[PDB]
file final.csv (CSV, C-alpha atoms (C1' of nucleotides))
chain,number,residue,atom,x,y,z
A,250,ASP,CA,-161.1,58.1,-110.4
A,251,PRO,CA,-162.5,58.3,-106.9
A,252,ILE,CA,-165.3,55.9,-108.1
A,253,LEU,CA,-162.9,53.2,-109.5
A,254,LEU,CA,-162.0,52.2,-105.9
A,255,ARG,CA,-165.4,51.5,-104.4
A,256,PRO,CA,-166.8,48.1,-103.5
A,257,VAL,CA,-169.9,47.3,-105.5
A,258,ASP,CA,-172.3,47.3,-102.5
A,259,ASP,CA,-172.5,51.1,-102.7
A,260,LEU,CA,-174.5,50.4,-105.9
A,261,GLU,CA,-176.9,48.3,-103.7
A,262,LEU,CA,-176.6,45.1,-105.7
A,263,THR,CA,-179.0,42.1,-105.6
A,264,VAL,CA,-178.4,38.7,-104.0
A,265,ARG,CA,-178.3,36.6,-107.2
A,266,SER,CA,-176.0,39.1,-109.0
A,267,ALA,CA,-173.9,39.3,-105.8
A,268,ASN,CA,-173.4,35.5,-105.8
A,269,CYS,CA,-172.4,35.9,-109.5
A,270,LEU,CA,-169.8,38.5,-108.6
A,271,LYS,CA,-168.2,36.7,-105.6
A,272,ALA,CA,-168.3,33.5,-107.6
A,273,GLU,CA,-166.1,34.9,-110.3
A,274,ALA,CA,-163.3,36.5,-108.3
A,275,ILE,CA,-164.3,40.1,-109.2
A,276,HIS,CA,-163.1,42.3,-106.3
A,277,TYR,CA,-162.8,45.9,-107.3
A,278,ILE,CA,-165.0,48.1,-109.6
A,279,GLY,CA,-161.7,48.5,-111.5
A,280,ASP,CA,-161.8,44.8,-111.7
A,281,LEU,CA,-165.5,45.0,-112.8
A,282,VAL,CA,-165.0,47.4,-115.7
A,283,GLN,CA,-162.0,45.5,-117.0
A,284,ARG,CA,-164.3,42.4,-117.5
A,285,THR,CA,-166.2,42.1,-120.7
A,286,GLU,CA,-169.9,41.3,-121.3
A,287,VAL,CA,-169.5,37.9,-122.9
A,288,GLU,CA,-167.1,37.1,-120.1
A,289,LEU,CA,-170.2,37.5,-117.9
A,290,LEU,CA,-173.0,35.9,-120.0
A,291,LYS,CA,-171.3,32.5,-120.2
A,292,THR,CA,-170.9,32.5,-116.4
A,293,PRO,CA,-173.3,30.8,-114.0
A,294,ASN,CA,-176.6,32.5,-113.3
A,295,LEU,CA,-175.9,35.5,-115.5
A,296,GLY,CA,-178.3,35.3,-118.4
A,297,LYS,CA,-180.7,38.0,-119.6
A,298,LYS,CA,-181.6,40.3,-116.7
A,299,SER,CA,-178.5,40.7,-114.5
A,300,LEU,CA,-176.8,42.4,-117.5
A,301,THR,CA,-180.0,44.5,-118.0
A,302,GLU,CA,-180.2,46.1,-114.6
A,303,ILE,CA,-176.4,46.2,-113.9
A,304,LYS,CA,-176.3,48.2,-117.2
A,305,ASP,CA,-179.1,50.4,-115.7
A,306,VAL,CA,-177.2,51.2,-112.5
A,307,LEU,CA,-173.9,51.8,-114.3
A,308,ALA,CA,-175.8,54.1,-116.6
A,309,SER,CA,-177.0,55.8,-113.4
A,310,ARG,CA,-173.7,56.5,-111.7
A,311,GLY,CA,-171.6,57.5,-114.7
A,312,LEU,CA,-169.5,54.5,-115.8
A,313,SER,CA,-169.8,51.7,-118.3
A,314,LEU,CA,-168.7,48.1,-119.0
A,315,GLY,CA,-165.7,46.5,-120.7
A,316,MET,CA,-163.4,49.5,-120.3
A,317,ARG,CA,-159.6,49.3,-120.2
A,318,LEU,CA,-157.2,50.0,-117.4
A,319,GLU,CA,-153.5,50.7,-117.1
A,320,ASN,CA,-151.3,50.7,-114.0
A,321,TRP,CA,-153.8,48.4,-112.3
A,322,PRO,CA,-153.8,47.5,-109.3
A,323,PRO,CA,-152.3,50.4,-107.3
A,324,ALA,CA,-153.9,48.6,-104.3
B,1,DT,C1',-152.6,80.9,-179.6
B,2,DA,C1',-151.4,78.3,-175.1
B,3,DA,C1',-153.1,74.6,-173.0
B,4,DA,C1',-156.5,71.4,-172.0
B,5,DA,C1',-159.9,68.0,-174.4
B,6,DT,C1',-160.8,64.2,-177.9
B,7,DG,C1',-160.6,59.9,-181.0
B,8,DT,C1',-157.9,54.0,-182.2
B,9,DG,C1',-160.3,49.7,-181.0
B,10,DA,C1',-158.8,45.2,-179.8
B,11,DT,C1',-157.8,42.9,-175.4
B,12,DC,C1',-158.8,41.8,-171.4
B,13,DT,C1',-161.1,41.2,-165.7
B,14,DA,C1',-163.8,41.1,-160.9
B,15,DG,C1',-168.7,39.8,-160.1
B,16,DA,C1',-173.4,38.0,-161.5
B,17,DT,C1',-176.2,33.8,-163.1
B,18,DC,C1',-179.0,30.4,-161.9
B,19,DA,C1',-181.9,25.8,-159.9
B,20,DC,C1',-181.9,23.1,-156.0
B,21,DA,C1',-180.2,20.4,-151.6
B,22,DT,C1',-179.0,21.0,-146.8
B,23,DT,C1',-178.3,24.0,-142.2
B,24,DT,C1',-179.8,26.4,-138.7
B,25,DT,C1',-181.7,28.7,-136.2
B,26,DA,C1',-184.0,31.2,-134.6
B,27,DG,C1',-187.5,33.1,-131.8
B,28,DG,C1',-190.2,31.9,-129.2
B,29,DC,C1',-193.0,28.5,-127.0
B,30,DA,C1',-193.1,24.6,-123.1
B,31,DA,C1',-190.3,23.8,-119.1
B,32,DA,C1',-186.6,21.7,-115.8
B,33,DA,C1',-184.4,22.9,-112.4
B,34,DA,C1',-181.8,26.4,-109.4
B,35,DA,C1',-181.6,30.3,-106.9
B,36,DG,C1',-183.9,33.8,-104.7
B,37,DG,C1',-188.3,34.7,-101.7
B,38,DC,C1',-191.1,32.2,-98.1
B,39,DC,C1',-190.8,29.6,-94.0
B,40,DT,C1',-188.5,26.2,-90.6
B,41,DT,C1',-184.8,23.8,-87.7
B,42,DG,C1',-180.7,23.3,-84.7
B,43,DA,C1',-177.3,25.4,-82.5
B,44,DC,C1',-175.1,29.2,-80.2
B,45,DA,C1',-174.3,33.6,-77.7
B,46,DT,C1',-175.7,36.8,-75.0
B,47,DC,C1',-177.8,38.4,-72.6
B,48,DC,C1',-182.1,40.8,-69.3
B,49,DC,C1',-184.0,39.9,-65.1
B,50,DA,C1',-183.9,39.5,-61.0
B,51,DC,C1',-182.9,37.2,-57.2
B,52,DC,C1',-180.2,37.0,-54.0
B,53,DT,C1',-176.0,38.7,-50.5
B,54,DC,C1',-172.5,39.6,-47.5
B,55,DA,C1',-169.5,44.0,-45.7
B,56,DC,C1',-169.5,48.0,-44.7
B,57,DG,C1',-172.1,51.7,-43.1
B,58,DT,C1',-175.3,53.8,-40.2
B,59,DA,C1',-179.0,54.9,-36.4
B,60,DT,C1',-179.0,54.9,-31.7
B,61,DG,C1',-177.4,54.5,-26.1
B,62,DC,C1',-174.5,55.9,-22.0
B,63,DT,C1',-170.2,58.2,-19.7
B,64,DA,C1',-171.9,59.3,-11.8
B,65,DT,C1',-165.3,64.1,-8.3
B,66,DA,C1',-167.2,68.3,-9.8
B,67,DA,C1',-168.4,72.4,-12.6
B,68,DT,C1',-174.7,76.5,-12.7
B,69,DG,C1',-177.2,85.0,-15.7
B,70,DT,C1',-175.0,86.6,-22.3
B,71,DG,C1',-172.4,90.2,-23.6
B,72,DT,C1',-167.8,90.1,-27.1
B,73,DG,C1',-166.6,92.5,-31.0
B,74,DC,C1',-169.2,95.0,-34.5
B,75,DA,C1',-171.8,100.0,-36.1
B,76,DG,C1',-170.3,104.3,-37.4
B,77,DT,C1',-173.6,108.0,-36.5
B,78,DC,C1',-176.0,110.2,-44.6
B,79,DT,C1',-180.4,113.1,-44.9
B,80,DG,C1',-184.7,115.4,-46.0
B,81,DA,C1',-189.8,114.4,-45.9
B,82,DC,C1',-193.6,112.2,-44.3
B,83,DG,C1',-196.6,109.2,-40.8
B,84,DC,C1',-197.8,108.2,-36.6
B,85,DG,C1',-197.7,107.8,-31.3
B,86,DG,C1',-196.8,110.1,-27.7
B,87,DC,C1',-196.4,114.5,-25.4
B,88,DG,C1',-198.1,118.8,-23.3

call {"tool": "encode", "arguments": {"input": "final.csv", "output": "structure tokens"}}
result
Amino acid sequence: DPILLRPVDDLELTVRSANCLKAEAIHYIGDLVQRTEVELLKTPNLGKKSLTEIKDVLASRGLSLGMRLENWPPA
DNA sequence: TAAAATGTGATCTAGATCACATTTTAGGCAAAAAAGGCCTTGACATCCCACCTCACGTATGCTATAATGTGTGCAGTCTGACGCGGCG
């Protein structure tokens, strides 16, 4: 999709969550959605609420978590 | 009357029982500490400011044989009515 290929700062993320993302080598939103929730919760600084509001904003702009890709990355 | 429903009963078969010890694990209550929010510090980078700053540019002065009344390239004349100043 045209929205697979965006950096996450178009979502206007937060500093703690941003540190969580850059800390975990998660580059593309296609790389985001291929990651699973429990693969996030165990990670540093990602407990209750990061998952809450990131779930909110992805509920806003029409996508969800944990989805599955194929032919990734086209780069 | 064709075609589906109805008795033989002994031999079995996957789950329930049933009192009590031990985990766990919440969930939710107290919180340690870390990472934003708050500020600071040092260090850099880029300046704004202006403060100068010399070359090039510019405002001004004389030049002693002598020379002395324009014109100068145009217009082509439209015309009928109305004011006004001479014009007798």

call {"tool": "interface_residues", "arguments": {"input": "final.csv", "of": "chain B", "to": "chain A", "cutoff": "10 Å", "atoms": "only C-alpha atoms (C1' of nucleotides)", "output": "PyMOL selection string"}}
result
chain B and resi 34-36

call {"tool": "write_last_selection", "arguments": {"input": "final.csv", "atoms": "C-alpha atoms (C1' of nucleotides)", "output": "PDB file, keeping the file's coordinate frame"}}
result
ATOM      1  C1'  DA B  34    -181.800  26.400-109.400  1.00  0.00           C
ATOM      2  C1'  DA B  35    -181.600  30.300-106.900  1.00  0.00           C
ATOM      3  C1'  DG B  36    -183.900  33.800-104.700  1.00  0.00           C
TER       4       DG B  36
END

call {"tool": "residues_around", "arguments": {"input": "final.csv", "residues": "stretch 252-259 of chain A", "least_positions_apart": "5", "cutoff": "8 Å", "atoms": "all atoms listed in the file", "output": "list in words"}}
result
residues 276, 277, 278 and 279 of chain A

call {"tool": "residues_around", "arguments": {"input": "final.csv", "residues": "residue A:286", "least_positions_apart": "6", "cutoff": "12 Å", "atoms": "only C-alpha atoms (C1' of nucleotides)", "output": "list in words"}}
result
residues 292, 295, 296, 297, 299, 300, 301, 303, 304, 313, 314, 315 and 316 of chain A

call {"tool": "atom_distance", "arguments": {"input": "final.csv", "atom1": "atom CA of residue A:285", "atom2": "atom CA of residue A:320"}}
result
18.5 Å

call {"tool": "residues_around", "arguments": {"input": "final.csv", "residues": "residue A:319", "least_positions_apart": "4", "cutoff": "12 Å", "atoms": "all atoms listed in the file", "output": "ChimeraX atom specification"}}
result
/A:279-280,283,323

call {"tool": "write_last_selection", "arguments": {"input": "final.csv", "atoms": "C-alpha atoms", "output": "mmCIF file, keeping the file's coordinate frame"}}
result
data_model
loop_
_atom_site.group_PDB
_atom_site.id
_atom_site.type_symbol
_atom_site.label_atom_id
_atom_site.label_comp_id
_atom_site.auth_asym_id
_atom_site.auth_seq_id
_atom_site.Cartn_x
_atom_site.Cartn_y
_atom_site.Cartn_z
ATOM 1 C CA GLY A 279 -161.700 48.500 -111.500
ATOM 2 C CA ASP A 280 -161.800 44.800 -111.700
ATOM 3 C CA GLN A 283 -162.000 45.500 -117.000
ATOM 4 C CA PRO A 323 -152.300 50.400 -107.300
#

call {"tool": "atom_distance", "arguments": {"input": "final.csv", "atom1": "atom CA of residue A:260", "atom2": "atom CA of residue A:321"}}
result
21.8 Å

call {"tool": "atom_distance", "arguments": {"input": "final.csv", "atom1": "atom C1' of residue B:42", "atom2": "atom CA of residue A:266"}}
result
29.4 Å

call {"tool": "decode", "arguments": {"input": "final.csv", "residues": "stretch 264-286 of chain A", "atoms": "N, CA and C atoms", "output": "tab-separated table (two decimals), in the first residue's frame"}}
result
chain	number	residue	atom	x	y	z
A	264	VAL	N	8.52	10.51	22.43
A	264	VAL	CA	9.97	10.34	22.58
A	264	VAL	C	10.30	8.97	23.17
A	265	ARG	N	9.59	8.55	24.22
A	265	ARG	CA	9.86	7.24	24.82
A	265	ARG	C	9.61	6.12	23.82
A	266	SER	N	8.45	6.15	23.16
A	266	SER	CA	8.13	5.15	22.14
A	266	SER	C	9.12	5.20	20.98
A	267	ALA	N	9.54	6.41	20.59
A	267	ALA	CA	10.56	6.54	19.55
A	267	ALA	C	11.86	5.85	19.95
A	268	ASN	N	12.31	6.06	21.19
A	268	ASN	CA	13.49	5.37	21.68
A	268	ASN	C	13.29	3.87	21.67
A	269	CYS	N	12.07	3.42	21.99
A	269	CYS	CA	11.76	2.00	21.92
A	269	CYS	C	11.87	1.47	20.49
A	270	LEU	N	11.43	2.25	19.50
A	270	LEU	CA	11.49	1.81	18.11
A	270	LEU	C	12.92	1.77	17.60
A	271	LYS	N	13.64	2.90	17.68
A	271	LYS	CA	15.03	2.93	17.22
A	271	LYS	C	15.90	1.94	17.97
A	272	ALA	N	15.55	1.61	19.22
A	272	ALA	CA	16.32	0.66	19.99
A	272	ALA	C	16.23	-0.75	19.43
A	273	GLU	N	15.15	-1.07	18.70
A	273	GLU	CA	14.82	-2.44	18.33
A	273	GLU	C	14.93	-2.67	16.82
A	274	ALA	N	15.63	-1.78	16.10
A	274	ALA	CA	15.95	-1.99	14.69
A	274	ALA	C	14.71	-2.11	13.82
A	275	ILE	N	13.70	-1.30	14.11
A	275	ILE	CA	12.40	-1.34	13.44
A	275	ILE	C	12.35	-0.12	12.52
A	276	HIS	N	12.65	-0.32	11.23
A	276	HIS	CA	12.83	0.80	10.29
A	276	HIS	C	11.53	1.22	9.60
A	277	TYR	N	10.94	0.31	8.82
A	277	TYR	CA	9.77	0.63	8.01
A	277	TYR	C	8.49	0.34	8.77
A	278	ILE	N	7.39	0.96	8.33
A	278	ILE	CA	6.09	0.56	8.87
A	278	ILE	C	5.74	-0.85	8.40
A	279	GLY	N	6.24	-1.25	7.23
A	279	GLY	CA	6.17	-2.65	6.86
A	279	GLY	C	6.97	-3.52	7.82
A	280	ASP	N	8.04	-2.97	8.41
A	280	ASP	CA	8.74	-3.68	9.46
A	280	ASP	C	7.98	-3.61	10.78
A	281	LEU	N	7.28	-2.50	11.06
A	281	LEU	CA	6.42	-2.46	12.24
A	281	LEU	C	5.39	-3.58	12.22
A	282	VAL	N	4.53	-3.60	11.20
A	282	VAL	CA	3.36	-4.46	11.25
A	282	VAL	C	3.75	-5.94	11.20
A	283	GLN	N	4.94	-6.26	10.69
A	283	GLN	CA	5.42	-7.64	10.75
A	283	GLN	C	5.83	-8.05	12.17
A	284	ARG	N	6.09	-7.09	13.06
A	284	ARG	CA	6.41	-7.43	14.44
A	284	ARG	C	5.13	-7.67	15.23
A	285	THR	N	5.23	-8.55	16.23
A	285	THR	CA	4.10	-9.00	17.03
A	285	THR	C	4.10	-8.28	18.38
A	286	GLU	N	2.94	-8.27	19.04
A	286	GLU	CA	2.78	-7.52	20.28
A	286	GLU	C	3.73	-8.02	21.37
